[PDB]
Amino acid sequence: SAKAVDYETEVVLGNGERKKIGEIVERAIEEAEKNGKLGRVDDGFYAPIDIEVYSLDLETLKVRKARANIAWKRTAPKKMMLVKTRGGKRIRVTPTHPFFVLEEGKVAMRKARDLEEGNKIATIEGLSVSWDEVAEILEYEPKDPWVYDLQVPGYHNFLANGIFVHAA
């Protein structure tokens, strides 16, 4: 099953205005369709990209610019989850998409469908990294039949919708 996010999740770029992940991915897919670099998996596609994102270092909690190098487009699952935090962040993800959760001094990863209210996830507040309690998780059936992801070597996350979203 796909670990991925909704089209409209807005990725913070290190060197321009923030952009919907669906736009980033579909442009990369369209170009790779024509130059022979398109990759195919049973439930979707990958294509090369070269963009600058912001990533959290989970050991030091520093935010660093980092490069993302693969764009992923996958069939949406039958159900999706809207995750809302107390600090105001909202994101729509697949049910198995993992989040960094800080629990009793350690960070572990937890699937969206396994999150409970009060679980603290990694976010930005203004310009500060913040561990932010989940407020509610709500299942919905998607209208958009595609979901999206990026690969970020080393870090496996990128800042989007004010959340450090786990990545390929």
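For every residue, the number given is its place in the sequence shown, counted from 1.
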(message) On mean Cα temperature factor in this entry, is 101 to 109 or 117 to 125 the higher one?
(response) 101 to 109
(request) Report the stretch with the higher mean CA temperature factor, choosing between 132 to 140 and 37 to 45 on the basis of the entry. (result) 37 to 45
(message) Quiz for you: based on the deposited Cα B-factor, which of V147, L13, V25, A160 is highest?
(response) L13
(message) Going by the CA temperature factor in the PDB record, which third of the chain does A68 belong to: lowest, middle or highest?
(response) lowest
(message) What third of the chain does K79 rank in for C-alpha temperature factor, lowest, middle or highest?
(response) middle
(request) Within this chain's modelled residues, let me know which third the CA B factor of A168 belongs to: lowest, middle or highest. (result) highest
